[PDB]
Amino acid sequence: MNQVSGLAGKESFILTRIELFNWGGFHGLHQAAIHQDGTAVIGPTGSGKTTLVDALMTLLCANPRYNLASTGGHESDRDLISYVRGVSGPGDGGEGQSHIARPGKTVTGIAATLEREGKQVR
Amino acid sequence: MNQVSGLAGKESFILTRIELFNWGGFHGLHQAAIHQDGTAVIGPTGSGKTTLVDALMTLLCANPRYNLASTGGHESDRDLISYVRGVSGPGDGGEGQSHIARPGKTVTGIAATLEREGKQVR
Amino acid sequence: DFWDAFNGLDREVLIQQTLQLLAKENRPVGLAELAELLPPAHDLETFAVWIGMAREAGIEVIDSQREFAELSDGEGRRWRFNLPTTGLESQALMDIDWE
Amino acid sequence: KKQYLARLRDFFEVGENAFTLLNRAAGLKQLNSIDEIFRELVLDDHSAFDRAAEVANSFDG
Amino acid sequence: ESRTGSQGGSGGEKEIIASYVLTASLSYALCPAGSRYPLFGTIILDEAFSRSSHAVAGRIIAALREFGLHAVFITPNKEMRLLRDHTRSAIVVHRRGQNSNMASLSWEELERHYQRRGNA
Amino acid sequence: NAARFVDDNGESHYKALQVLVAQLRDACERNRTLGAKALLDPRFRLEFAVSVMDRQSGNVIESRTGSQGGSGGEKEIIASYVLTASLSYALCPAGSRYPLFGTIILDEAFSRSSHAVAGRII
Ligand SMILES: Nc1ncnc2c1ncn2[C@@H]1O[C@H](COP(=O)(O)OP(=O)(O)O)[C@@H](O)[C@H]1O
Ligand SMILES: Nc1ncnc2c1ncn2[C@@H]1O[C@H](COP(=O)(O)OP(=O)(O)O)[C@@H](O)[C@H]1O
């Protein structure tokens with residue numbers, strides 16, 4: 001079981017970090033580490049998980065399909081503009097025109113680190 | 001909390017027993033007892049839960065859509081002939097007929113009993 | 001609810017303890033006997049596994065003969081499970097491979 | 001972003017199809033018979049529904 | 001809120017409302033003409049709750065209870081806690097070789113008490 | 001093709017081309033009918049089927065030639081395995097059997113399969 005665990009990170013680049021700044025609902029600077037033997041992102045539904053997946057997919061793809069998990073089959077509801085602005089369409093109760101978390105001048109950075117035998121690619 | 005649960009039977013009919021004979025992968029005679037307070041059908045994948053529900057649905061609906069849960073509302077996966085013959089899997093590509101368990105003269109029986117204040121209808 | 005879902009029946013540990021118990025007793029044990037010897041912390045969740053045991057190894061289980069088992073959960077409420085009659089044996093169980 | 005994606009392709013020695021499939025892998029929930037998994041998950045669209053319109057207009061001329 | 005104000009987290013309230021509305025529709029469809037209770041009160045739903053959380057799933061089970069619908073829930077050994085709390089029987093179905101088979105099981109709460117020799 | 005050889009100043013050729021373009025436009029207008037998709041979509045002109053065989057015995061042991069005929073768990077297993085193989089092939093640089101980008105993200109991958117079959121997918 002453990003012996004195979006060491007294969008990953010030897011012949012391939014494995015993700016080992018994610019950093020976000022004012023991305024989606026992740027206001028401020030957040031950092032999440034990833035284990036070389038697989039990792040699980042867990043929490044109450046609708047906290048941040050699909051936001052993390054979408055940030056990574058944005059880092060990777062040209063026209064990422066946001067919320068492909070639930071909106072698969074039809075057009076995605078989200079977009080890059082919403083994530084940068086941090087709209088909270090779903091979350092309401094006193095919604096003041098979608099709760100644009102950052103309406104004014106803003107900056108959002110997303111960084112992903114990948115490692116292989118001590119070589120880093122961010 | 002248990003006082004409300006007594007409403008079953010006192011108001012209308014509720015299913016209580018399912019009888020199967022040569023249905024799908026259920027070789028021989030099989031009987032299932034359904035509690036008046038609600039029941040759960042559990043078991044690993046590759047089991048009879050969908051088959052058991054399909055028998056009952058065939059009993060009720062004129063045109064049943066078999067394997068609706070897995071098909072997701074699309075074209076019905078199976079049919080009455082397949083369940084009667086007990087077909088298990090596509091069955092290879094060299095004939096063989098090993099997938100079919102009742103290729104020759106055979107009979108299947110499916111029964112369902114409903115209770116209402118003692119009165120029973122099968 | 002996150003916390004409740006965090007802790008659940010880890011069936012590999014249950015399988016290991018069950019097969020060790022069967023090897024120790026080395027006798028055909030009924031479901032209620034197993035529950036008495038092995039206190040399930042999840043009630044029916046454990047029982048199904050044991051049933052999955054009996055029918056995985058070919059040990060026929062009889063529903064006509066209904067045994068019983070009285071178990072108290074965490075909050076103290078006591079429940080009477082009307083388990084069927086089984087013939088769990090250690091040899092056959094250790095024979096069959098576990099995923 | 002085009003130049004950045006080209007740089008990623010060069011570094012990881014994989015075409016755009018690999019990363020597009022990686023993105024589509026997160027929508028695997030809505031799956032069905034092998035046909036739909038193959039025609040909607042892997043082997044990206046590459047359909048020719050748009051070129052047909054251009055051909056039709058040219059033929060109208 | 002004339003319009004549904006918000007959810008319980010990623011379609012929580014939306015899912016609850018949709019499930020409640022569909023349950024009401026089923027109850028009305030099964031309720032005979034000029035009848036308050038459905039004559040055919042048993043409902044079968046394969047894959048009871050594969051996309052629904054425990055907090056919501058309890059809500060749909062309560063809704064099914066309220067409208068006088070006796071439901072049998074089919075699950076692959078998942079979500080056992082809420083099924084056990086909200087049901088009183090279980091049909092363990094297992095398939096070996098080319099043949100499947102069933103085995104019934106049941107349980108019931110003894111009247112006894114919540115707990116004895118302690119706070120009541 | 002037959003009309004291209006007629007000596008009539010491009011009249012029969014024009015008529016045949018008109019028929020072909022009419023077919024193309026008919027397909028384009030109904031851009032989601034099965035016929036139109038098969039006509040104008042590369043991945044719709046051919047079917048797809050899976051076959052489980054024996055490691056040493058090359059004969060097909062179970063051939064799902066489309067043949068939906070499967071429980072939700074079985075279909076989920078097949079789809080997860082096929083997607084895993086496709087991802088492995090895609091991320092592997094040409095001529096190499098070890099992917100260089102070794103990270104893959106799954107989002108609610110398993111929901112219809114038992115805990116015993118999910119471990120096999122992992
Ligand atoms: N760009 C956005 N647009 C809309 N809502 C957003 C956005 N970013 C965050 N949110 C909100 O934050 C939460 C994100 O939920 P999330 O975890 O990502 O989905 P999932 O249930 O699949 O895990 C939701 O309540 C959502 O309303
Ligand atoms: N018409 C059929 N064709 C092929 N296999 C079938 C057919 N009817 C039943 N089966 C088999 O019986 C089982 C029915 O699926 P089932 O286990 O009950 O659903 P679930 O995945 O939720 O557990 C499957 O293993 C399936 O292979």
# chains A, B, ... in the order shown; residues from 1 in each chain; ligands from 1
>>> interface_residues(of="chain F", to="chain B", cutoff="9 Å", atoms="only C-alpha atoms", output="PyMOL selection string")
chain F and resi 51+60-75+112-117
>>> residues_around(residues="region 52-63 of chain E", least_positions_apart="3", cutoff="10 Å", atoms="only C-alpha atoms", output="ChimeraX atom specification")
/A:44-45 /C:1-2,4-5 /E:8,11-13,15-21,23-24,48-49,66-71,73,79,81-83,85-87
>>> write_last_selection(atoms="N, CA and C atoms", output="CSV table (one decimal), in the first residue's frame")
chain,number,residue,atom,x,y,z
A,44,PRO,N,-19.0,21.5,4.6
A,44,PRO,CA,-20.4,21.6,4.3
A,44,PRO,C,-20.6,22.1,2.9
A,45,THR,N,-21.7,21.6,2.3
A,45,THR,CA,-22.0,21.9,0.9
A,45,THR,C,-22.1,23.4,0.7
C,1,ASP,N,-23.6,18.1,11.1
C,1,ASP,CA,-23.8,17.0,10.2
C,1,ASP,C,-22.5,16.6,9.5
C,2,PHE,N,-21.6,17.6,9.2
C,2,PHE,CA,-20.3,17.3,8.8
C,2,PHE,C,-19.6,16.4,9.7
C,4,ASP,N,-20.9,14.3,12.0
C,4,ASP,CA,-21.5,13.0,12.0
C,4,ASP,C,-21.1,12.2,10.8
C,5,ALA,N,-21.1,12.8,9.6
C,5,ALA,CA,-20.7,12.1,8.5
C,5,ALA,C,-19.2,11.8,8.5
E,8,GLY,N,-30.3,26.6,1.7
E,8,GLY,CA,-29.6,26.2,2.9
E,8,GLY,C,-28.2,25.9,2.7
E,11,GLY,N,-28.2,25.3,-3.0
E,11,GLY,CA,-29.5,24.7,-3.4
E,11,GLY,C,-30.2,24.0,-2.3
E,12,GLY,N,-29.9,24.2,-1.0
E,12,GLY,CA,-30.5,23.6,0.1
E,12,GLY,C,-32.0,23.9,0.2
E,13,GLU,N,-32.3,25.1,0.3
E,13,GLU,CA,-33.7,25.5,0.4
E,13,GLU,C,-34.4,25.2,-1.0
E,15,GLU,N,-33.7,22.9,-3.2
E,15,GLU,CA,-33.9,21.4,-3.2
E,15,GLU,C,-35.1,21.0,-2.3
E,16,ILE,N,-35.1,21.6,-1.1
E,16,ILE,CA,-36.2,21.3,-0.2
E,16,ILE,C,-37.5,21.6,-0.8
E,17,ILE,N,-37.6,22.8,-1.4
E,17,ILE,CA,-38.9,23.3,-1.9
E,17,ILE,C,-39.3,22.4,-3.1
E,18,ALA,N,-38.3,22.1,-4.0
E,18,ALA,CA,-38.6,21.3,-5.1
E,18,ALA,C,-39.1,19.9,-4.7
E,19,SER,N,-38.5,19.3,-3.7
E,19,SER,CA,-38.9,18.0,-3.2
E,19,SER,C,-40.3,18.1,-2.6
E,20,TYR,N,-40.5,19.1,-1.8
E,20,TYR,CA,-41.8,19.3,-1.2
E,20,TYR,C,-42.9,19.4,-2.2
E,21,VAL,N,-42.7,20.2,-3.3
E,21,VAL,CA,-43.7,20.5,-4.3
E,21,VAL,C,-44.0,19.2,-5.0
E,23,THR,N,-43.6,16.1,-3.9
E,23,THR,CA,-44.3,15.3,-3.0
E,23,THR,C,-45.8,15.6,-3.0
E,24,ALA,N,-46.1,16.9,-2.9
E,24,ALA,CA,-47.5,17.4,-2.9
E,24,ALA,C,-48.1,17.0,-4.2
E,48,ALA,N,-32.3,6.5,-3.2
E,48,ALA,CA,-33.1,7.4,-2.4
E,48,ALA,C,-32.5,8.8,-2.4
E,49,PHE,N,-31.3,8.9,-2.0
E,49,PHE,CA,-30.6,10.2,-1.9
E,49,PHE,C,-29.2,10.1,-2.2
E,66,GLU,N,-45.4,13.6,6.2
E,66,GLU,CA,-46.5,14.5,6.5
E,66,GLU,C,-47.7,14.3,5.5
E,67,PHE,N,-47.4,14.1,4.2
E,67,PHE,CA,-48.4,13.9,3.3
E,67,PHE,C,-49.0,12.5,3.2
E,68,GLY,N,-48.8,11.7,4.3
E,68,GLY,CA,-49.3,10.4,4.4
E,68,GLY,C,-48.9,9.4,3.3
E,69,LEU,N,-47.6,9.5,2.9
E,69,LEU,CA,-47.0,8.6,1.9
E,69,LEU,C,-46.0,7.6,2.6
E,70,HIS,N,-46.3,6.4,2.5
E,70,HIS,CA,-45.4,5.3,3.0
E,70,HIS,C,-44.4,5.0,1.9
E,71,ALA,N,-43.2,5.3,2.1
E,71,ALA,CA,-42.1,5.2,1.1
E,71,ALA,C,-41.1,4.1,1.5
E,73,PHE,N,-37.3,3.1,0.6
E,73,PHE,CA,-36.1,3.8,0.1
E,73,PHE,C,-35.0,2.8,-0.3
E,79,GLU,N,-26.0,6.2,3.5
E,79,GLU,CA,-26.9,7.0,4.2
E,79,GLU,C,-27.7,6.2,5.2
E,81,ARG,N,-27.7,6.0,8.4
E,81,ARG,CA,-28.1,6.6,9.7
E,81,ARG,C,-29.5,7.1,9.6
E,82,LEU,N,-29.8,7.9,8.6
E,82,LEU,CA,-31.1,8.5,8.5
E,82,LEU,C,-32.2,7.5,8.1
E,83,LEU,N,-31.8,6.5,7.2
E,83,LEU,CA,-32.8,5.5,6.9
E,83,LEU,C,-33.1,4.7,8.2
E,85,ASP,N,-33.0,5.7,11.3
E,85,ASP,CA,-33.8,6.6,12.2
E,85,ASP,C,-35.2,6.7,11.7
E,86,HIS,N,-35.4,6.7,10.4
E,86,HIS,CA,-36.7,7.0,9.8
E,86,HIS,C,-37.4,5.8,9.1
E,87,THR,N,-37.0,4.6,9.5
E,87,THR,CA,-37.6,3.4,8.9
E,87,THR,C,-37.5,2.3,10.0
>>> select_by_dssp(residues="chain E", states="alpha helix (DSSP H)", output="PyMOL selection string")
chain E and resi 12-30+54-66+80-85
>>> residues_around(residues="residue 46 (chain D)", least_positions_apart="5", cutoff="9 Å", atoms="only C-alpha atoms", output="list in words")
residues 41, 42 and 43 of chain F
>>> write_last_selection(atoms="C-alpha atoms", output="short mmCIF file (atom, residue, chain, number, x, y, z; two decimals), in the first residue's frame")
data_model
loop_
_atom_site.label_atom_id
_atom_site.label_comp_id
_atom_site.auth_asym_id
_atom_site.auth_seq_id
_atom_site.Cartn_x
_atom_site.Cartn_y
_atom_site.Cartn_z
CA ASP F 41 -20.33 15.30 -35.80
CA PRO F 42 -17.11 13.22 -35.92
CA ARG F 43 -17.81 11.46 -32.61
#
>>> calpha_fit_rmsd(fixed="chain A", moving="chain B")
2.0 Å
